[PDB]
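Participant: Okay, so here is query_15.txt, and as you'll see once you scroll down, it has compact mmCIF, C-alpha atoms and all ligand atoms.
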# COMPACT_ATOMS: atom_id res chain seq x y z
CA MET A 1 106.39 20.85 76.56
CA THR A 2 108.06 20.49 73.16
CA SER A 3 109.79 23.41 71.45
CA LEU A 4 106.92 23.46 68.95
CA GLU A 5 104.36 23.70 71.75
CA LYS A 6 106.40 26.50 73.34
CA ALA A 7 106.69 28.28 70.00
CA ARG A 8 102.92 28.34 69.65
CA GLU A 9 102.56 29.75 73.16
CA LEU A 10 105.10 32.47 72.42
CA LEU A 11 103.35 33.37 69.17
CA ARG A 12 100.01 33.70 70.94
CA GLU A 13 101.54 36.50 73.04
CA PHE A 14 103.74 38.10 70.37
CA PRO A 15 102.68 37.00 66.89
CA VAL A 16 104.49 37.33 63.58
CA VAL A 17 104.42 40.60 61.68
CA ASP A 18 105.19 39.29 58.21
CA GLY A 19 106.86 41.75 55.88
CA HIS A 20 105.73 40.54 52.45
CA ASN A 21 102.93 38.26 51.23
CA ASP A 22 101.88 38.34 47.54
CA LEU A 23 98.34 37.01 47.96
CA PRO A 24 96.93 39.98 46.03
CA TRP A 25 99.09 39.27 42.97
CA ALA A 26 98.21 35.59 43.24
CA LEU A 27 94.51 36.49 43.25
CA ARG A 28 95.04 38.83 40.28
CA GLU A 29 96.78 36.13 38.25
CA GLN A 30 94.76 33.05 39.25
CA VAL A 31 91.23 34.45 39.21
CA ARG A 32 91.47 38.16 38.27
CA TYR A 33 90.26 39.07 41.75
CA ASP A 34 87.16 36.85 41.69
CA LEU A 35 87.46 36.51 45.45
CA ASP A 36 84.64 33.97 45.76
CA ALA A 37 86.73 31.58 43.66
CA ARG A 38 89.59 31.75 46.21
CA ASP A 39 87.65 32.54 49.40
CA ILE A 40 90.28 32.73 52.16
CA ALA A 41 87.61 31.93 54.75
CA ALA A 42 87.85 28.42 53.25
CA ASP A 43 90.78 26.05 52.72
CA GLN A 44 92.85 27.26 49.77
CA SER A 45 95.79 24.88 50.23
CA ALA A 46 95.35 23.51 46.69
CA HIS A 47 96.00 26.92 45.12
CA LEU A 48 97.62 29.28 47.58
CA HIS A 49 100.10 29.49 50.44
CA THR A 50 97.65 31.75 52.27
CA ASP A 51 94.22 31.58 53.83
CA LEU A 52 92.74 32.74 57.13
CA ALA A 53 92.86 29.42 58.97
CA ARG A 54 96.49 28.83 58.04
CA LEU A 55 97.44 32.39 59.01
CA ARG A 56 95.96 31.71 62.43
CA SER A 57 97.67 28.32 62.76
CA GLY A 58 100.92 30.00 61.73
CA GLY A 59 100.68 32.65 64.42
CA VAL A 60 100.54 35.59 62.02
CA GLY A 61 99.27 38.69 63.82
CA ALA A 62 100.02 41.32 61.20
CA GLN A 63 100.63 41.14 57.47
CA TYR A 64 102.08 43.62 55.04
CA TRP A 65 100.11 42.65 51.97
CA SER A 66 102.17 43.29 48.86
CA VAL A 67 100.58 45.44 46.14
CA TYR A 68 103.27 44.40 43.65
CA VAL A 69 102.67 44.96 39.94
CA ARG A 70 104.91 44.18 36.96
CA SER A 71 107.46 46.82 35.99
CA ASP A 72 107.72 45.39 32.46
CA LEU A 73 104.13 46.20 31.49
CA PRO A 74 102.37 49.54 30.97
CA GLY A 75 99.82 50.93 33.43
CA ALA A 76 101.66 50.19 36.67
CA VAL A 77 99.78 52.90 38.54
CA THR A 78 96.37 51.57 37.52
CA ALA A 79 97.45 48.03 38.39
CA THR A 80 98.73 49.18 41.79
CA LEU A 81 95.35 50.76 42.51
CA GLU A 82 93.74 47.43 41.60
CA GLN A 83 96.07 45.61 43.99
CA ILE A 84 95.23 48.09 46.77
CA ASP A 85 91.53 47.59 46.01
CA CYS A 86 92.03 43.84 46.34
CA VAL A 87 93.50 44.27 49.84
CA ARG A 88 90.62 46.62 50.78
CA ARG A 89 88.06 44.07 49.55
CA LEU A 90 89.73 41.26 51.53
CA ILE A 91 89.63 43.33 54.71
CA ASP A 92 85.97 44.24 54.10
CA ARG A 93 85.02 40.59 53.41
CA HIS A 94 86.60 39.21 56.58
CA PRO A 95 86.06 41.69 59.46
CA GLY A 96 86.07 38.86 61.98
CA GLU A 97 89.65 37.99 61.10
CA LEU A 98 91.30 41.07 59.53
CA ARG A 99 91.63 44.69 60.63
CA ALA A 100 93.03 47.47 58.45
CA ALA A 101 96.16 48.96 59.99
CA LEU A 102 97.76 52.28 59.03
CA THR A 103 99.81 52.87 62.17
CA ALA A 104 101.80 51.13 64.88
CA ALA A 105 98.94 51.88 67.25
CA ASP A 106 96.54 50.15 64.84
CA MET A 107 98.80 47.08 64.93
CA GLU A 108 98.58 46.95 68.73
CA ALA A 109 94.82 47.54 68.59
CA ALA A 110 94.48 44.59 66.22
CA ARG A 111 96.61 42.41 68.50
CA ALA A 112 94.50 43.34 71.54
CA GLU A 113 91.30 42.23 69.83
CA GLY A 114 92.74 39.17 68.10
CA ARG A 115 92.52 40.32 64.49
CA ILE A 116 95.30 40.24 61.91
CA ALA A 117 96.54 43.78 61.31
CA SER A 118 96.46 44.26 57.54
CA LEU A 119 98.93 46.72 56.05
CA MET A 120 100.10 47.36 52.48
CA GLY A 121 103.52 47.61 50.88
CA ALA A 122 104.17 48.58 47.27
CA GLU A 123 106.87 46.55 45.56
CA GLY A 124 108.89 48.74 43.21
CA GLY A 125 109.27 52.45 42.51
CA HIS A 126 107.61 52.00 39.11
CA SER A 127 104.37 52.07 41.09
CA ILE A 128 104.71 55.88 41.36
CA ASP A 129 105.44 56.63 37.69
CA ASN A 130 108.20 59.13 38.57
CA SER A 131 105.59 61.25 40.37
CA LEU A 132 105.96 62.45 43.97
CA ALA A 133 102.26 63.33 44.08
CA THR A 134 101.52 59.73 43.11
CA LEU A 135 103.72 58.56 45.98
CA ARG A 136 101.62 60.77 48.27
CA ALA A 137 98.42 59.29 46.80
CA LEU A 138 99.62 55.75 47.53
CA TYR A 139 100.35 56.78 51.11
CA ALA A 140 96.86 58.31 51.36
CA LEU A 141 95.37 55.00 50.20
CA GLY A 142 97.21 53.14 52.94
CA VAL A 143 100.57 52.09 51.50
CA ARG A 144 103.14 52.00 54.33
CA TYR A 145 106.29 50.84 52.56
CA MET A 146 107.67 50.87 49.04
CA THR A 147 110.43 48.63 47.74
CA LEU A 148 112.49 51.08 45.73
CA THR A 149 112.90 48.71 42.75
CA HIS A 150 111.67 45.33 41.75
CA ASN A 151 113.85 43.07 39.52
CA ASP A 152 114.74 45.80 37.01
CA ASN A 153 116.25 49.25 37.35
CA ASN A 154 113.89 52.17 37.25
CA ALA A 155 114.90 55.69 36.18
CA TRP A 156 116.08 56.70 39.64
CA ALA A 157 117.21 53.51 41.41
CA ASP A 158 119.33 50.42 40.63
CA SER A 159 118.05 46.87 41.15
CA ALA A 160 120.24 44.04 42.44
CA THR A 161 119.10 41.84 39.55
CA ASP A 162 119.93 44.31 36.77
CA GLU A 163 123.10 45.94 35.41
CA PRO A 164 124.39 49.11 37.04
CA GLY A 165 122.32 52.10 35.96
CA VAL A 166 122.43 55.35 37.90
CA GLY A 167 124.92 53.98 40.44
CA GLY A 168 122.50 53.52 43.35
CA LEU A 169 119.99 56.36 43.77
CA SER A 170 119.92 59.28 41.37
CA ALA A 171 119.23 62.80 42.64
CA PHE A 172 115.53 62.21 42.07
CA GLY A 173 115.90 58.86 43.84
CA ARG A 174 117.19 60.68 46.91
CA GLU A 175 114.21 63.02 46.62
CA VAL A 176 111.87 60.01 46.66
CA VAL A 177 113.53 58.80 49.86
CA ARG A 178 113.17 62.28 51.41
CA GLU A 179 109.47 62.34 50.50
CA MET A 180 108.92 58.84 51.87
CA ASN A 181 110.55 60.04 55.09
CA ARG A 182 108.25 63.07 55.23
CA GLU A 183 105.13 60.99 54.56
CA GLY A 184 106.04 58.23 56.97
CA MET A 185 106.34 55.54 54.29
CA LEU A 186 109.02 52.97 55.09
CA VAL A 187 111.87 52.71 52.59
CA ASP A 188 112.15 49.05 51.59
CA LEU A 189 115.55 47.91 50.31
CA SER A 190 114.65 44.40 49.30
CA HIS A 191 115.43 43.92 45.57
CA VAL A 192 117.74 46.95 45.28
CA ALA A 193 121.45 46.91 44.47
CA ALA A 194 123.97 47.20 47.30
CA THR A 195 124.87 50.64 45.94
CA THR A 196 121.20 51.63 46.25
CA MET A 197 121.15 50.27 49.81
CA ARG A 198 124.08 52.45 50.81
CA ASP A 199 122.67 55.56 49.11
CA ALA A 200 119.31 55.02 50.81
CA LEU A 201 120.95 54.60 54.21
CA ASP A 202 122.98 57.78 53.63
CA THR A 203 119.85 59.72 52.72
CA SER A 204 117.11 58.36 54.95
CA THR A 205 116.32 60.11 58.23
CA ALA A 206 114.04 57.21 59.22
CA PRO A 207 114.63 53.53 59.91
CA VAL A 208 114.57 51.50 56.68
CA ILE A 209 113.45 47.92 56.12
CA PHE A 210 114.14 44.91 53.95
CA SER A 211 110.67 43.39 53.64
CA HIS A 212 111.96 40.09 52.24
CA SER A 213 115.74 39.59 52.07
CA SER A 214 118.21 37.22 53.69
CA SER A 215 122.00 37.20 54.26
CA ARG A 216 124.53 37.51 51.43
CA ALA A 217 127.34 36.25 53.69
CA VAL A 218 125.38 33.05 54.32
CA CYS A 219 124.17 32.66 50.74
CA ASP A 220 125.78 34.81 48.06
CA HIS A 221 122.96 36.10 45.86
CA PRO A 222 122.29 39.74 44.92
CA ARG A 223 118.80 39.55 46.47
CA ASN A 224 120.43 39.15 49.89
CA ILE A 225 121.98 41.78 52.17
CA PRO A 226 125.76 42.31 52.54
CA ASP A 227 127.25 42.36 56.03
CA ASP A 228 128.40 45.98 55.68
CA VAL A 229 124.79 46.99 55.11
CA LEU A 230 123.52 44.85 58.00
CA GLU A 231 126.07 46.58 60.24
CA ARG A 232 124.48 49.94 59.45
CA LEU A 233 121.03 48.90 60.73
CA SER A 234 121.66 49.57 64.42
CA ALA A 235 122.57 53.18 63.65
CA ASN A 236 119.70 53.57 61.20
CA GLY A 237 117.26 51.83 63.53
CA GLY A 238 115.77 49.67 60.79
CA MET A 239 115.30 45.94 60.32
CA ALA A 240 115.96 43.09 57.91
CA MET A 241 113.03 40.71 57.44
CA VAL A 242 114.44 37.31 56.55
CA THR A 243 112.85 35.56 53.56
CA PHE A 244 112.23 31.88 52.84
CA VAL A 245 112.79 31.77 49.05
CA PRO A 246 114.91 28.61 48.60
CA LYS A 247 117.05 29.92 45.74
CA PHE A 248 118.03 32.83 48.02
CA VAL A 249 118.66 30.98 51.30
CA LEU A 250 120.14 27.58 50.37
CA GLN A 251 123.57 27.50 48.74
CA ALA A 252 122.70 24.39 46.76
CA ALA A 253 119.57 26.10 45.41
CA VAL A 254 121.46 29.21 44.31
CA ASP A 255 123.97 26.98 42.52
CA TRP A 256 121.23 24.83 40.99
CA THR A 257 119.32 27.83 39.67
CA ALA A 258 122.53 29.24 38.17
CA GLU A 259 123.16 25.92 36.41
CA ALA A 260 119.52 25.75 35.25
CA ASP A 261 119.79 29.27 33.82
CA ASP A 262 123.08 28.41 32.09
CA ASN A 263 121.46 25.32 30.62
CA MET A 264 118.59 27.41 29.24
CA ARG A 265 121.03 29.78 27.55
CA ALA A 266 122.95 26.78 26.18
CA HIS A 267 119.79 25.92 24.25
CA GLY A 268 119.42 29.49 22.99
CA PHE A 269 116.69 30.56 25.43
CA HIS A 270 116.63 33.53 27.77
CA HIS A 271 116.64 32.11 31.30
CA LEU A 272 113.16 33.56 31.91
CA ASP A 273 111.60 32.17 28.71
CA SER A 274 108.39 30.32 29.56
CA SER A 275 107.41 28.93 26.16
CA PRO A 276 106.57 25.21 25.87
CA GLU A 277 109.91 24.69 24.11
CA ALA A 278 111.90 26.38 26.88
CA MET A 279 109.89 24.45 29.47
CA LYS A 280 110.87 21.17 27.82
CA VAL A 281 114.54 22.14 28.17
CA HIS A 282 114.14 23.04 31.82
CA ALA A 283 112.21 19.84 32.54
CA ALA A 284 115.06 17.81 31.05
CA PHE A 285 117.54 19.59 33.31
CA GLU A 286 115.49 18.97 36.44
CA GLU A 287 115.12 15.36 35.35
CA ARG A 288 118.89 14.80 35.48
CA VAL A 289 119.53 17.24 38.35
CA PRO A 290 116.76 17.29 40.97
CA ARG A 291 115.87 20.59 42.62
CA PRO A 292 117.51 20.90 46.07
CA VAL A 293 115.20 21.50 49.00
CA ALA A 294 115.78 24.02 51.79
CA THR A 295 114.65 23.47 55.38
CA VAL A 296 113.76 25.43 58.49
CA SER A 297 117.41 24.97 59.50
CA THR A 298 118.47 26.81 56.34
CA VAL A 299 116.38 29.82 57.31
CA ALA A 300 117.60 29.70 60.92
CA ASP A 301 121.20 29.82 59.65
CA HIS A 302 120.42 33.18 58.09
CA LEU A 303 118.78 34.53 61.23
CA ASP A 304 121.71 33.41 63.39
CA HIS A 305 124.15 35.32 61.22
CA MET A 306 121.89 38.32 60.78
CA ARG A 307 121.48 38.46 64.56
CA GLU A 308 125.27 38.47 65.01
CA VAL A 309 125.88 41.26 62.51
CA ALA A 310 122.74 43.42 62.65
CA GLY A 311 121.59 42.71 66.21
CA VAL A 312 118.42 41.14 67.56
CA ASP A 313 116.61 44.51 67.54
CA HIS A 314 117.02 44.72 63.76
CA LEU A 315 115.42 41.49 62.52
CA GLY A 316 112.01 40.41 61.31
CA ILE A 317 110.36 37.86 59.03
CA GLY A 318 109.13 38.32 55.46
CA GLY A 319 108.16 34.94 54.09
CA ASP A 320 107.28 35.88 50.50
CA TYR A 321 104.30 33.52 50.63
CA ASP A 322 102.33 33.41 47.38
CA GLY A 323 105.24 35.24 45.74
CA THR A 324 107.40 32.20 45.09
CA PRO A 325 106.36 28.75 43.88
CA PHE A 326 108.96 26.99 46.03
CA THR A 327 109.31 26.81 49.80
CA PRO A 328 111.55 25.19 52.43
CA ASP A 329 110.40 21.96 54.03
CA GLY A 330 108.64 22.89 57.25
CA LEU A 331 107.72 26.30 55.79
CA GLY A 332 105.49 25.11 52.96
CA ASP A 333 102.76 27.68 53.63
CA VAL A 334 101.75 30.43 56.06
CA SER A 335 101.03 27.87 58.80
CA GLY A 336 104.74 27.10 59.08
CA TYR A 337 106.15 29.88 61.28
CA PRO A 338 105.97 27.92 64.55
CA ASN A 339 108.47 25.43 63.07
CA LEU A 340 110.97 28.26 62.61
CA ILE A 341 110.37 29.63 66.09
CA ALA A 342 110.86 26.11 67.52
CA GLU A 343 114.19 25.74 65.70
CA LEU A 344 115.35 29.10 67.08
CA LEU A 345 114.34 28.01 70.60
CA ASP A 346 116.44 24.88 70.11
CA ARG A 347 119.34 27.13 69.10
CA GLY A 348 119.02 29.11 72.33
CA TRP A 349 117.09 32.18 71.21
CA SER A 350 115.39 33.77 74.22
CA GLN A 351 111.69 34.51 74.58
CA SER A 352 112.36 38.24 74.43
CA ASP A 353 114.65 37.78 71.39
CA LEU A 354 111.81 35.99 69.64
CA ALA A 355 109.17 38.59 70.59
CA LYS A 356 111.40 41.22 68.95
CA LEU A 357 111.83 39.07 65.84
CA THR A 358 108.13 38.41 65.43
CA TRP A 359 106.36 41.52 66.75
CA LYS A 360 108.22 44.23 68.62
CA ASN A 361 110.82 45.28 66.07
CA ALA A 362 108.27 45.83 63.31
CA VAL A 363 106.03 47.94 65.55
CA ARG A 364 109.00 50.03 66.73
CA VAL A 365 110.11 50.66 63.17
CA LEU A 366 106.69 51.80 61.93
CA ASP A 367 106.31 54.01 65.00
CA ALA A 368 109.73 55.52 64.22
CA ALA A 369 108.65 56.29 60.66
CA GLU A 370 105.60 58.09 62.08
CA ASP A 371 107.78 60.02 64.51
CA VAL A 372 110.20 61.14 61.78
CA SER A 373 107.23 62.12 59.60
CA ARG A 374 105.74 64.30 62.36
CA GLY A 375 108.96 66.31 62.49
CA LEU A 376 109.35 66.65 58.75
CA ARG A 377 105.70 67.54 58.08
CA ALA A 378 105.96 70.32 60.66
CA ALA A 379 109.26 71.56 59.21
CA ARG A 380 108.42 71.90 55.52
CA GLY A 381 105.80 71.31 52.86
CA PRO A 382 105.72 68.41 50.37
CA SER A 383 108.10 68.40 47.41
CA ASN A 384 106.97 69.47 43.98
CA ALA A 385 110.23 68.39 42.31
CA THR A 386 110.29 66.50 39.01
CA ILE A 387 112.71 63.90 37.70
CA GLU A 388 113.68 66.21 34.82
CA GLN A 389 114.54 68.97 37.29
CA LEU A 390 116.72 66.75 39.45
CA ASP A 391 118.15 64.21 37.00
CA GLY A 392 118.14 66.26 33.81
CA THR A 393 116.32 65.66 30.53
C1 LIG B 401 105.91 38.02 39.85
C2 LIG B 401 105.71 38.08 41.36
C3 LIG B 401 105.06 36.79 41.86
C4 LIG B 401 107.06 38.36 42.02
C5 LIG B 401 106.93 38.56 43.54
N1 LIG B 401 106.27 39.86 43.86
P1 LIG B 401 108.49 38.58 44.49
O1 LIG B 401 109.42 39.71 43.99
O2 LIG B 401 108.05 38.86 45.92
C6 LIG B 401 109.26 36.95 44.44
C7 LIG B 401 110.79 36.92 44.16
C8 LIG B 401 111.30 35.47 44.29
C9 LIG B 401 110.67 34.49 43.35
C10 LIG B 401 110.95 34.83 41.90
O3 LIG B 401 112.14 34.93 41.52
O4 LIG B 401 109.98 35.02 41.13
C11 LIG B 401 111.61 37.95 44.95
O5 LIG B 401 111.12 38.51 45.95
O6 LIG B 401 112.76 38.16 44.54
ZN ZN B 402 110.11 40.46 45.88
ZN ZN B 403 106.47 40.22 46.03
Here is a file; write its structure as structure tokens.
Facilitator:
Amino acid sequence: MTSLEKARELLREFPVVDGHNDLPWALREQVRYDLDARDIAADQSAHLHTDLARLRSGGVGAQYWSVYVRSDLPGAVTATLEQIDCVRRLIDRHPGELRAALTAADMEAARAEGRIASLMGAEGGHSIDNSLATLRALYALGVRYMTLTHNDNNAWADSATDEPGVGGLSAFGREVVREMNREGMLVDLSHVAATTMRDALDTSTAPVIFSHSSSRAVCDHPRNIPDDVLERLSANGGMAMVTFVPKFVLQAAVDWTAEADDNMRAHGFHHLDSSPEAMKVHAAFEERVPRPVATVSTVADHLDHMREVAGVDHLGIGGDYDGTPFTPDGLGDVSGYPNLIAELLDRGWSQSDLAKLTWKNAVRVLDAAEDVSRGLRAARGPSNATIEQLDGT
């Protein structure tokens, strides 16, 4: 059979656990959670990267649904609860296809019965409003990882896409990591500064993840992971879940985006300005310099290098579907994963290598978080510390 046919067979046995899909945010923004208007039991290819049929075609067997909310708007906690509610409603609406999963055992139970294990991951520490009790509430509602920052610093952690702030994790930041370890919530180091990565690895007693990051050595962008951090994963036990975002994985796309941003500033606009006037400027740039397009090969280049440095036991996949408007050719929506698996087969990846990449590593890592949590919950009570106590007024 072809490598694509083989890929599909492999995925039927050991499907993809995807680390980060922003369907809930997409539903919030497109239709304010009017789920009938974007029914994922129907074909949503006109509007979304994700629906149930494409998840099945893509060989997705578990999904961490992102409950991302903006850090630059008030009411992050309320919005996070709305995102969690959206995930809950999706699970309730589609019991034939989705099964809530809170544990590694739940993931295996879902796989045994042919339903997509549906987990939740919060994207940014602003979702807890500097409150450890709020962190515990999110865990109680089903959140199983939290990215420590999004694109901006918060009071206790530095983001890769912001200026240096506290220098990594503050004292309170370390306390958040300790509490995540005690609860069994995975520490997610996507988005954070390299300093923050190192501080989190120093502090964490549980395996950490990167829910959607690729390799900085392969493509130098702050959203990607440095080799020295990848090297620490085998000791930590965690895993890096490669992402598909073109401007992170393809050199030409990083360079293009930098030039686009420079061009915006040359016209007196902030690079993130979305006014009609700014859009006209950007359109003119893209007119004279077409947007480069990444491929499956681009993503495989990251996995090859990440495998070499981090090890096959420390890799996963986090596509960022519905979180980015642009995708590599061959990975245009959630149905694309078999194309990546086929490319890896062609590059000599073994069947057991690929079962680790898709399924086994993610289940091991969540089980490890549970194991560490059992020990810590037995050893001490929850923390009552405040950010003022630990970081000062
Ligand atoms: C606003 C909302 C859709 C942002 C997403 N939650 P994201 O953080 O998942 C996508 C981003 C790449 C795409 C971009 O730069 O926006 C990244 O991961 O760095
Ligand atoms: Zn992100
Ligand atoms: Zn996201």
Participant: Please identify the residues whose atoms come within 12 Å of ligand ZN 402 (chain B), using only C-alpha atoms and all ligand atoms, and report them as a JSON list (two decimals) with C-alpha atoms, keeping the file's coordinate frame.
Facilitator:
[["chain", "number", "residue", "atom", "x", "y", "z"],
["A", 19, "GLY", "CA", 106.86, 41.75, 55.88],
["A", 20, "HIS", "CA", 105.73, 40.54, 52.45],
["A", 21, "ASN", "CA", 102.93, 38.26, 51.23],
["A", 22, "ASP", "CA", 101.88, 38.34, 47.54],
["A", 25, "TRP", "CA", 99.09, 39.27, 42.97],
["A", 65, "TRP", "CA", 100.11, 42.65, 51.97],
["A", 66, "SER", "CA", 102.17, 43.29, 48.86],
["A", 67, "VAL", "CA", 100.58, 45.44, 46.14],
["A", 68, "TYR", "CA", 103.27, 44.40, 43.65],
["A", 69, "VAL", "CA", 102.67, 44.96, 39.94],
["A", 70, "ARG", "CA", 104.91, 44.18, 36.96],
["A", 121, "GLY", "CA", 103.52, 47.61, 50.88],
["A", 122, "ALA", "CA", 104.17, 48.58, 47.27],
["A", 123, "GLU", "CA", 106.87, 46.55, 45.56],
["A", 124, "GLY", "CA", 108.89, 48.74, 43.21],
["A", 146, "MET", "CA", 107.67, 50.87, 49.04],
["A", 147, "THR", "CA", 110.43, 48.63, 47.74],
["A", 148, "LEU", "CA", 112.49, 51.08, 45.73],
["A", 149, "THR", "CA", 112.90, 48.71, 42.75],
["A", 150, "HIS", "CA", 111.67, 45.33, 41.75],
["A", 151, "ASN", "CA", 113.85, 43.07, 39.52],
["A", 152, "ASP", "CA", 114.74, 45.80, 37.01],
["A", 159, "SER", "CA", 118.05, 46.87, 41.15],
["A", 160, "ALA", "CA", 120.24, 44.04, 42.44],
["A", 161, "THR", "CA", 119.10, 41.84, 39.55],
["A", 188, "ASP", "CA", 112.15, 49.05, 51.59],
["A", 189, "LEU", "CA", 115.55, 47.91, 50.31],
["A", 190, "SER", "CA", 114.65, 44.40, 49.30],
["A", 191, "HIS", "CA", 115.43, 43.92, 45.57],
["A", 192, "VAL", "CA", 117.74, 46.95, 45.28],
["A", 210, "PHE", "CA", 114.14, 44.91, 53.95],
["A", 211, "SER", "CA", 110.67, 43.39, 53.64],
["A", 212, "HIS", "CA", 111.96, 40.09, 52.24],
["A", 213, "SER", "CA", 115.74, 39.59, 52.07],
["A", 214, "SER", "CA", 118.21, 37.22, 53.69],
["A", 223, "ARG", "CA", 118.80, 39.55, 46.47],
["A", 224, "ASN", "CA", 120.43, 39.15, 49.89],
["A", 241, "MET", "CA", 113.03, 40.71, 57.44],
["A", 242, "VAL", "CA", 114.44, 37.31, 56.55],
["A", 243, "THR", "CA", 112.85, 35.56, 53.56],
["A", 244, "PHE", "CA", 112.23, 31.88, 52.84],
["A", 245, "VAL", "CA", 112.79, 31.77, 49.05],
["A", 248, "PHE", "CA", 118.03, 32.83, 48.02],
["A", 318, "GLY", "CA", 109.13, 38.32, 55.46],
["A", 319, "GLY", "CA", 108.16, 34.94, 54.09],
["A", 320, "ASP", "CA", 107.28, 35.88, 50.50],
["A", 321, "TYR", "CA", 104.30, 33.52, 50.63],
["A", 322, "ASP", "CA", 102.33, 33.41, 47.38],
["A", 323, "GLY", "CA", 105.24, 35.24, 45.74],
["A", 324, "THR", "CA", 107.40, 32.20, 45.09]]
Participant: Do you know which residues are at most 9 Å from residue 135 of chain A counting all atoms listed in the file, after dropping those on the same chain fewer than 4 positions away, and could you put them as a ChimeraX atom specification?
Facilitator: /A:125,127-131,139-140,176,179-180
Participant: Give me the residues near residue 217 of chain A as a list in words, where near means some atom within 8 Å (using all atoms listed in the file) and where sequence neighbours in that chain fewer than 3 positions away do not count.
Facilitator: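 Returned residues: residues 220, 225, 226 and 227 of chain A.
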Participant: If I wrap all listed atoms of ligand LIG 401 (chain B) in a box with edges along x, y and z and add 3 Å on each side, what are its centre and edge lengths in Å to one decimal, as AutoDock Vina command-line options?
Facilitator:
--center_x 108.9 --center_y 37.2 --center_z 42.9 --size_x 13.7 --size_y 11.4 --size_z 12.1
Participant: Choose the residue, out of A:280, A:38, A:174, A:99, that has the smallest atom-to-atom separation from residue 117 of chain A; count only C-alpha atoms.
Facilitator: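 Residue with the minimum atom-to-atom distance to residue 117 of chain A: A:99.
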Participant: Quick one: distance from atom CA of residue 166 of chain A to atom CA of residue 132 of chain A in Å, one decimal?
Facilitator: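 Separating atom CA of residue 166 of chain A from atom CA of residue 132 of chain A is a distance of 18.9 Å.
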